[PDB]
Amino acid sequence: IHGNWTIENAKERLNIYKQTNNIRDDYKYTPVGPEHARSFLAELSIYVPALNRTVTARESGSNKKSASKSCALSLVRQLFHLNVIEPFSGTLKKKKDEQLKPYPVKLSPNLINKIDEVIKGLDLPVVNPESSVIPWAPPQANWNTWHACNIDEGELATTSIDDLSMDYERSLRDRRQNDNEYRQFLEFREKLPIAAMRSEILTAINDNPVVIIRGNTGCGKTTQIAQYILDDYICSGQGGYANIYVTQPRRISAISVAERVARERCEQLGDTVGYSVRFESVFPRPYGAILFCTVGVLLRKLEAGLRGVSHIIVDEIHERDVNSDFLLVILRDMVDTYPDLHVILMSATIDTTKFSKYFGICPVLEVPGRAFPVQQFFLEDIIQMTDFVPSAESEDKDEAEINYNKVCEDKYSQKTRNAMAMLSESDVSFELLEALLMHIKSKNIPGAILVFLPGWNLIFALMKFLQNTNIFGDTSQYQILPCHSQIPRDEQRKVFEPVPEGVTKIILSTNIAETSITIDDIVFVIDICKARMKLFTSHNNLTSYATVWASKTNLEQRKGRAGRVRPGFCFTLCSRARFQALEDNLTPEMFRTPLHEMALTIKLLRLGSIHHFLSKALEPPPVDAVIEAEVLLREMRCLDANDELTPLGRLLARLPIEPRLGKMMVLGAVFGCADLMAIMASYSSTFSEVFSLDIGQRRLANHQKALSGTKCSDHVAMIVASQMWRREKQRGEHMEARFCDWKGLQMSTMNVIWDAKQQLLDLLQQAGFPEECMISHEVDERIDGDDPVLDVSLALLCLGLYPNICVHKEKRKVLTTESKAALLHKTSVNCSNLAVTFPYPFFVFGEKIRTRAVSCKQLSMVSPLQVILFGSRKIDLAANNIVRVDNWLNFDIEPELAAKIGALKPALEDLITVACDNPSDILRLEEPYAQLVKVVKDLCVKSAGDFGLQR
RNA sequence: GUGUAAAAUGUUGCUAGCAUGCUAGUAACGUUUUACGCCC
Ligand SMILES: Nc1ncnc2c1ncn2[C@@H]1O[C@H](COP(=O)(O)OP(=O)(O)O)[C@@H](O)[C@H]1O
Ligand code: ALF
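Read in order, the letters of the first sequence are residues 161 to 289, 322 to 585, 601 to 1158 in full-length UniProt numbering.
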């Protein structure tokens, strides 16, 4: 009854018990009765090695299988009677894991005495359980616009701006006279649509303060309007008294548009057109030049001043990203206060009425967009055409989910015939491409093939699948090219390269190709209205790089993205039900996003209360976002609760990194490890791959794993790689490139990290911290012992990236907070196939890749002594003398020792505050603070928490 | 994006026997669940 003592249940425990006994016997069958009333008596003997009480089953049935089942019934009943078998044994039985045992403290008495002296030498008692605007000026002599300062030397110090304007004018006249490649580029730009209303757009801008351009995508407009403004300003011989400032919302888009405008101008990058993306600047000449930058770089430059720039040409606003709307909200008042500035907002296809209404009903210009509506087809249309039904043959939820695929009427074509024949919907197959090919060959429509896959992972998977199906994946006849941010610029520049007809172009891309760039020859668009949704859930610190449906506005744009003049075809892979069911627009990301970084930015520019500023924005954000920004600023001691920016906050604002790494960079110079902190912050915030993985590789190679050395950490590997790269860069790069390739170095990532380290140390120098601590602290990896610099660097790392720590159980299988299973990313140095146990069973990662908290990246072993030092914002005490870390980690330490360790929590903040207050003398601290530095260097040593008992 | 053993279904052919059928299994088949152990 209670143990469901029947045949097809409760037998799992019996099977396991017999497996433990290894008895391979079964039921012997004996016939009883005639052939018309046949019965079988089955026998089985079971030996019990634990109770020494052998049992037997002798039961009858209508057949051999029935006899065996009847015997097993009585066997389970007798095993229960024996009180040795486990009851129930249903289909519900899992196997999980938890903490086994740490090395809780077990320190030497020296460190205990040091900690006691520190807690008594610093008196840290613990209990044992207004709206102004940024000034702007017109162009001025001896003043550089880019650097926002006075050059006071060179040529402008003695040369008037009018002379520079005349020089630019004569140079452009000579270029008009002779530059033939410029002639062909300008004729291409003239046949380009915007050159229709050249003068018109050159005048409307002077007419009004706020100017909105509106014209369908693919006009080649961003790369032309700024150049036309410069040309108009220089044709009057005034190019010196004019500069152009443009902001894109994506880094790679900014790089691409800068390269395009340089190539069309037939000029080397950095002469008259330059770009300043985060951690990279190629600033051009100070006068008569164009600047492209991301919104973040402009928000950074806003601190100094917009002096010396003529017109600002803010790019795509339909993105609705937080940065662009913040910039627009500031720029509204900026251009209202100063009537001599010209703000330009650019869109692609959006009801710009709200944008115009925001700026006091500003003019909404228009571009004549030649177009031809394209044939739009859906899943019913494609099932009518060439079959569409089959496919490749918190946990859950409620009934609120509606499957529109299964809610429809079968008034369409032979749905059952298509189902019984074939199809492949979720994964594309020969069907779609062959249908397009036959449509082209029968209706005579040679044209490019365009698809919008949501993510780079799916892009790579489908590219590999189509390469496997190379009969129709034949690049010689069916050219295939991806397009995404991650891939190098070589693929982007190859995409634009045309191919002869017959070599069909099948472009695989994502939301990037919907704007920014546009291929002229696109005819047929195969949309799936799927896009990446890399959302960070800061309310619980879970990442989700999932895929979500595109908005109806975006879907309409994609429908219009193809078919310039040719008919064009839209092969939408969705039903009309979902087509009309999804939201018309896209949810404003500004509504749901933490605003701590923007709060620090607004407090840096002394723009008054954040609440009032957010009220006077495009969309009044919900009070939760401003409240959470306030909470983060108050708890992190960047901004006081009384809207008073402490020097810590002002220092953090200038840092081009998130505050969670600025808090580490502050302490980096405190403990004489600033180089390590700069390198780690650059390698962490700038999400990048450490090593150049070769094709067909599933793990890290021999040297790729040996570079981490005895430390066996990817962060230590990166540090030593940077050290060897810089000592090699001390020599020539001709052999350095092949050496880095041999060492599996990413080269470009290393350059980025080095430049970021240089910029961070320059910023720290400007802050006031001494140069002496900013010296090389070279760490070797072959040493398996201890090194104070490296262990304090790792302790600071664990301080910063909280709560991205994890507990290792076995192989890839690791545990994360709230007891979540996870694996180790392939790029990590801790990837292998054999079972290895690490010296310390605690790891901290950088990123949580893949939505279902599975992939962890940037793993590095951490000392078991973090506990309360650098492991959390909260520590607790559990039963049976257990210290609780992040409510998912257990240590076994005396409450007195736990309180002693936890008393350091206010001390860290006090040290940070003192370091920020007096940057000039961080090396020469107060004597209790020198003792604190000494004790923290002593405590975080790798082989420290093992005294008394190594176990 | 996987294999092993166990159990319910029906199936392929065969087997010992009974007044064309029948009483039982056999080797194999796929389905569904169970755990065992991989790789992302
Ligand atoms: N790398 C390039 N080489 C040549 N022409 C380009 C390049 N990139 C863009 N163009 C042209 O410039 C135009 C750019 O349009 P775009 O910047 O997307 O305008 P908007 O952003 O207003 O839609 C396109 O029509 C395209 O033909
Ligand atoms: F210039 Al755009 F989207 F129109 F980047």
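Think of the CB as a built atom: it goes at the ideal place given N, C-alpha and C, for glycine as much as any other residue.
In this chain, the beta strand (DSSP E) harbouring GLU219 covers 215-221.
At least one heavy atom of ligand 2 sits closer than 7 Å to the Cβ of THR414.
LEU461 has its Cβ no nearer than 7 Å to any heavy atom of ligand 1. Annotated as proximal: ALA1106 and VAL286, with beta-carbon spacing under 8 Å. Looking at the DSSP output, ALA202 bridges to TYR189 and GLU219. Put simply, the backbone Cα of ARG452 is about 15 Å away from that of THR439. Our two residues, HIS534 and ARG524, have alpha carbons roughly 11 Å apart in a direct line. Judged by pairs of C-beta atoms under 8 Å, the segment 1134-1143 does not touch the segment 242-258, as fewer than three such pairs exist.
For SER723, the distance from the CB to the nearest heavy atom of ligand 1 is below 7 Å.
A distance of 8 Å or more separates the beta carbons of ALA454 and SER502.
Counted as a single uninterrupted DSSP element, the alpha helix (DSSP H) harbouring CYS427 occupies residues 414-427. Of the candidates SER230, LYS188 and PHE240, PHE240 places its Cα closest to the Cα of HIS162. Here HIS339 is exposed, its C-beta having fewer than 16 other C-beta atoms within 10 Å. A straight line joining the alpha-carbon of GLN930 with that of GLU978 spans about 19 Å.
For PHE798, no alpha helix (DSSP H) encloses it, and the DSSP letter there is neither H nor E. As DSSP reads the structure, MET954 sits in no beta bridge.
A distance below 6 Å between beta-carbons, with the five flanking residues on each side excluded, links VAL1014 to the following residues of its chain, in chain order: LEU1022. DSSP places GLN904 outside any alpha helix (DSSP H), giving it a letter other than H or E. Annotation: the segment 808-861 contains the following complete segments of the alpha helix (DSSP H) (minimum length 4 residues), in chain order: 817-822, 830-842 and 854-861. Secondary structure at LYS254: coil, using DSSP grouped into helix, strand and coil. The DSSP-derived three-state label of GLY975 is coil. The Cβ atoms of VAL1092 and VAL1074 sit closer than 8 Å to each other. Assignment of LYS1064 by DSSP, reduced to helix, strand and coil, places it in the strand class. The beta carbon of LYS823 sits closer than 6 Å to no other beta carbon from its chain once the five residues preceding and following it are set aside. Where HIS241 is concerned, the enclosing alpha helix (DSSP H) starts and stops at 224-241. By the Cβ rule, the segment 768-782 does not count as touching the segment 1036-1043, because fewer than three pairs are nearer than 8 Å. With a threshold of 7 Å, the Cβ atom of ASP728 does not count as near ligand 1, since no heavy atom of the ligand is closer than that.
Boundaries around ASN1097 are those of the beta strand (DSSP E), 1096-1098, since no alpha helix (DSSP H) includes it. Per DSSP, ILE1056 is one residue of the beta strand (DSSP E) stretching across 1054-1056.
In the structure shown, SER516 adopts helical secondary structure according to DSSP, grouped into three states.
Contact annotation: the segment 557-565 does not touch the segment 738-752, with fewer than three C-beta pairs closer than 8 Å.
The C-alpha of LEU271 lies about 46 Å from the C-alpha of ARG813. Taken atom to atom, the span from the alpha-carbon of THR395 to that of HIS941 is near 52 Å.
In the three-state reduction of the DSSP assignment, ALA1137 falls in the helix class. Cβ-Cβ distances below 6 Å link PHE743 to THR750 in the same chain, with the five nearest sequence neighbours on each side left out; the list follows chain order. Contact between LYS741 and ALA655 is ruled out by a C-beta separation of about 28 Å, above the 8 Å threshold.
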